[PDB]
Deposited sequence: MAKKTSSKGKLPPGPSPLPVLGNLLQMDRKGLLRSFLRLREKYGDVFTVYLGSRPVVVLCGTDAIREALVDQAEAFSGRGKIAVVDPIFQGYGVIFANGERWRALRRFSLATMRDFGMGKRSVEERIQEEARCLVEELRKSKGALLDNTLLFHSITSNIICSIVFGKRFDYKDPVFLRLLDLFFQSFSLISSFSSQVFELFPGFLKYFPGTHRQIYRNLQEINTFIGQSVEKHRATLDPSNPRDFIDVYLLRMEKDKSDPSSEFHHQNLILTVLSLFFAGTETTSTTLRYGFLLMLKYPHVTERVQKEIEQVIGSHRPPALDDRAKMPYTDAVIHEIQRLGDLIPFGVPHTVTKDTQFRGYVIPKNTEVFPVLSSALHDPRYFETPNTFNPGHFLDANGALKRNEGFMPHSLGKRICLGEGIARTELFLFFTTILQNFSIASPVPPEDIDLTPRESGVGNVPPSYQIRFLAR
């Protein structure tokens, strides 16, 4: 049959000349108004089926879950990952890695739970912020550090002190790669990769930094193997090393060294930046709307008090705080175009045929701003997640972690980090900044990865 409708492309530039300079998101919104919720666009010579609106996204990712469960390539990082690791794998390799990862992170190993690790990280964070004594800070580094430390706890069985210089050198290297992957020069590399990969550019810096991180990950794996107690696995690496030994004879097995290194690197890639940025965005909103922040603090005081630290069971009793977090994620809209998918076979969708391995973009932003589900889509409104009796309510438009078979693997971990970090910080500190609330601008910069909140200063004032 045929592909969904769309603008007429050019030989090598596809529809790039027809794009809007305001961003890809604005262009898709204009293209939606002309062709509907599902359309085809050529970014270079690459055909992409774009899904707009809650319906088209749910029909694809949920109703034909298996058909839309493929993962599309990110060219700037494909030389490192090469289809290994949980985020970039496909087929049987993906199924085995995802099953194993889910179980390991869920049905753990180690001593303490993920929640207990997050509570300990939150306690360390409070002590570090107390030491600041209300000085102006840029919270980017600390929020990168706490989220990295959660992943470290899971994969390496330990956390790092916030001032550990070797931890900070590799962290800087990792987050620089993130800023580079998302730059305009990397966006251009994604459009004309086969050509641009022969000249100097950000792709070389990304590659060098990640090979350095992979070297460190490799050394940790060897060190885990040399100090291994098979009856007491400490973390993800130990559990994976035991599975490698169990599958030693099976040559079909995916449980090898490359999948280990790149699965660990994948967890840092997926599990740090978005969580950190959600926190950064949330604190910016809390500066802009002090009456919301005040109300969260009142709810913390009523349910938790000022003595004990927040625990995950407290969330069920704090619908206002829970609604605020949902609204931070919704308005934050940090992954506006989703993470690219592909169809795993020639697929029939709304009368069209999407050929096998065609790339698909589920535009999560169009669900997060859907006027069917949100009364004031462009305005911060916790009421979007509260019913007339003040209880938390479910919303079909709320999909910041996507849907279907590729749904965010760490959703439960991320949601727990948001709850415990926001409440533990606010239980102990009030916030201020040199910019008056009325002058705070929440407009993001659209980057390669997603929406980047502006940089800002903040004070954490002990209570």
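Novice: What ranges of the deposited sequence are left out of this structure?
Specialist: Deposited residues absent from the model fall in 1-8, 117.
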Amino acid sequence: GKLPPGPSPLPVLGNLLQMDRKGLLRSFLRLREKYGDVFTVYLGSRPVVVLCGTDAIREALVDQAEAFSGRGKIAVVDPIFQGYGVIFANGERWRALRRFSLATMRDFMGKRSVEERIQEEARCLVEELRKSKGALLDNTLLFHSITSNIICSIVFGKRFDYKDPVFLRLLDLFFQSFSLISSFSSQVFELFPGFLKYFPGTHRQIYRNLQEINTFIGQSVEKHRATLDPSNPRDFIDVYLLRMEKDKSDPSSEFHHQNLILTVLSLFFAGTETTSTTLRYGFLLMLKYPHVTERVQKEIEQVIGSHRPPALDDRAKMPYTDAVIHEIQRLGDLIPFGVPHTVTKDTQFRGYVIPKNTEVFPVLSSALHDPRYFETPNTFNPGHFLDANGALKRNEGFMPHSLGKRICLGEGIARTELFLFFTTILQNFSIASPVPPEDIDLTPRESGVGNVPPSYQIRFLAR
From here on, numbers count along this sequence of modelled residues.
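Novice: Which has the higher mean CA temperature factor in the PDB entry, 198-206 or 225-233?
Specialist: Comparing 225-233 with 198-206, the higher average CA B-factor belongs to 198-206.
Novice: In the PDB record, does 234-242 or 324-332 carry the higher mean Cα temperature factor?
Specialist: Per the PDB entry, the higher value belongs to 234-242.
Novice: Which one of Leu141, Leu368, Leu191, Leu279 shows the biggest C-alpha B-factor in the PDB entry?
Specialist: Out of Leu141, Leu368, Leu191, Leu279, the record gives the largest C-alpha B-factor to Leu191.
Novice: Taking the values straight from the PDB record, which of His401, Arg415, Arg394, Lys405 has the highest C-alpha temperature factor?
Specialist: That would be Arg394, according to the entry.
Novice: Looking at the entry's B-factor column for C-alpha atoms only, identify whether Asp247 ranks in the lowest, middle or highest third of its chain.
Specialist: Its C-alpha B-factor belongs to the highest third of this chain's values.
Novice: So where's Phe422 on the chain's Cα temperature factor ranking, which third?
Specialist: For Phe422, the deposited C-alpha B-factor lands in the lowest third.
Novice: C-alpha B factor of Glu254, ranked within the chain: lowest, middle or highest third?
Specialist: Highest third - that is where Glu254 ends up once the chain's C-alpha B-factors are sorted.
Novice: Split into thirds by Cα B-factor across the chain's modelled residues, where does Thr275 land: lowest, middle or highest?
Specialist: Its C-alpha B-factor, which the entry lists for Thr275, ranks in the lowest third among residues of this chain.
Novice: Comparing against every modelled residue in the chain, figure out the third that the C-alpha B-factor of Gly351 lands in (lowest, middle or highest).
Specialist: Answer is highest: the recorded C-alpha B-factor places it there.
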